[PDB]
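Every read-out reported here was derived from the displayed coordinates using simple, explicitly stated rules and does not represent laboratory data. Reconstructed Cβ throughout: ideal geometry from the backbone, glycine too, with neighbour counts over all protein chains shown.
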Amino acid sequence: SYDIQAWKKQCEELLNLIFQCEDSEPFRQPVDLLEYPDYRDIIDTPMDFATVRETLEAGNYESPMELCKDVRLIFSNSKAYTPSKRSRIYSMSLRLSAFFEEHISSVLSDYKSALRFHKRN
Ligand SMILES: COc1ccc(NC(=O)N2CCN(C(=O)c3ccoc3)C[C@@H]2C)cc1
């Protein structure tokens, strides 16, 4: 399966599944800086799933590795803000991360395989 472009629709479908997860609600939109005025004191690079979807649709990701880095930044940023290992948001961030990682693994493998096939000769 050596389609170099296939990752983009696969990532759009996975973002649709993440939007349907109730566990995504707190990560869907950019954190309101007025609601949390100290957010930018701790978080250097804000990220959320609407920003990831818009970047993808703008044609501003070259590879699924770049999309994966931004999704992993949502989860690291949530971990940097949260106050407990038994925080509600933290419990949701960890379930959503496991779901994301389970599904992105084949997207990354297939992309890297397709690029190796393109370079094979
Ligand atoms: C009183 O009811 C509530 C319950 C939950 C919240 N949400 C939060 O505390 N959050 C801070 C940590 N987050 C993030 O750092 C992040 C957001 C996108 O990517 C990461 C998630 C989210 C915005 C606010 C009020």
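Taking only DSSP H segments of four or more residues, each worth -39500 (n - 2.57), what value at 222 nm results for the chain once the sum is divided by all its residues, to the nearest 500 deg cm²/dmol? Kindly include the intermediate steps, with their values, before the conclusion.
Details: 5 runs with 76 residues, N = 121.
For the chain, the value works out to -20500 deg cm²/dmol.
So which trypsin sites (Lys or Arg not before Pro) in segment 1-30 are both in a DSSP loop and have at most 11 other Cβ atoms within 10 Å of their Cβ?
On the way: sites: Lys8, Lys9, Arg28; in loops: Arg28.
Sparse-neighbourhood loop trypsin sites (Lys or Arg not before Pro): none present.
At what distance in angstrom do the alpha carbon centres of segment 44-63 and segment 84-106 lie from each other?
Segment 44-63 and segment 84-106 have Cα centres spaced 19 Å from each other.
In sequence order, what are the phi-derived ³J(HN,Hα) couplings for segment 16-24 according to the Karplus relation 6.51 cos²θ - 1.76 cosθ + 1.60 with θ = phi - 60°, rounded to whole Hz, with x for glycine and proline?
Values per residue, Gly and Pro as x: 4, 5, 5, 3, 6, 3, 4, 4, 8 Hz.
Using +1 at the Cβ of each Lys and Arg and -1 at the Cβ of each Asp and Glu in the chain, identify which of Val31, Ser113, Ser78 lies farthest towards the dipole's positive end.
Value computed over the given set: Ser113.
Kirkwood hydrodynamic radius (Cα pairs, Å) of the chain? Provide the component values of the computation, followed by the final result.
Numbers: mean 1/r = 0.0647 Å⁻¹.
It is 15.5 Å.
What ranking of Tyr2, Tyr39 emerges when the number of other C-beta atoms within 10 Å of each C-beta is taken as an exposure proxy, fewest first?
On the way: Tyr2 12, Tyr39 17.
Fewest to most other Cβ atoms nearby, the residues stand as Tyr2, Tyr39.
Give the order of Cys68, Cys21 when sorted by the count of other beta carbons within 10 angstrom, beginning with the fewest.
Details: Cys68 19, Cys21 15.
Exposure proxy ranking, most exposed first: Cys21, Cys68.
Which residue fluctuates most in the GNM of the chain (Cα springs below 10 Å): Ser78, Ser106, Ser97?
Result for the chain, Cα springs under 10 Å: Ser106 fluctuates most.
Using DSSP to define loop residues, name the GluC sites (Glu not before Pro) in segment 1-66 whose beta-carbon has at most 15 other beta-carbon atoms within 10 Å. Before the final figure, lay out each step's value.
Numbers: sites: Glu12, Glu13, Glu22, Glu35, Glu54, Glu57, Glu62, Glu66; in loops: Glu35, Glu62.
Of the GluC sites (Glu not before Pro), the ones in loops of segment 1-66 whose Cβ has at most 15 other Cβ atoms within 10 Å are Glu35, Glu62.
Regarding segment 9-71, what are the three Cα extents along the principal axes, ordered largest first, in Å?
The Cα atoms of segment 9-71 stretch 36, 26, 16 Å along the principal axes, largest first.
Under unit Cβ charges (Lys, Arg +1; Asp, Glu -1), what dipole magnitude, rounded to 20 debye, does the chain have relative to its Cα centre? If you can, show how the numbers build up before the last one.
Details: 16 positive and 20 negative charges, 121 e Å.
Using only the charged Cβ atoms, the result is roughly 580 debye.
Quick one: net charge of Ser76's neighbours, Cβ under 12 Å, K/R +1, D/E -1?
Details: positive: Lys69, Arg72, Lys79; negative: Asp44, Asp70.
Result for the neighbourhood of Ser76: +1.
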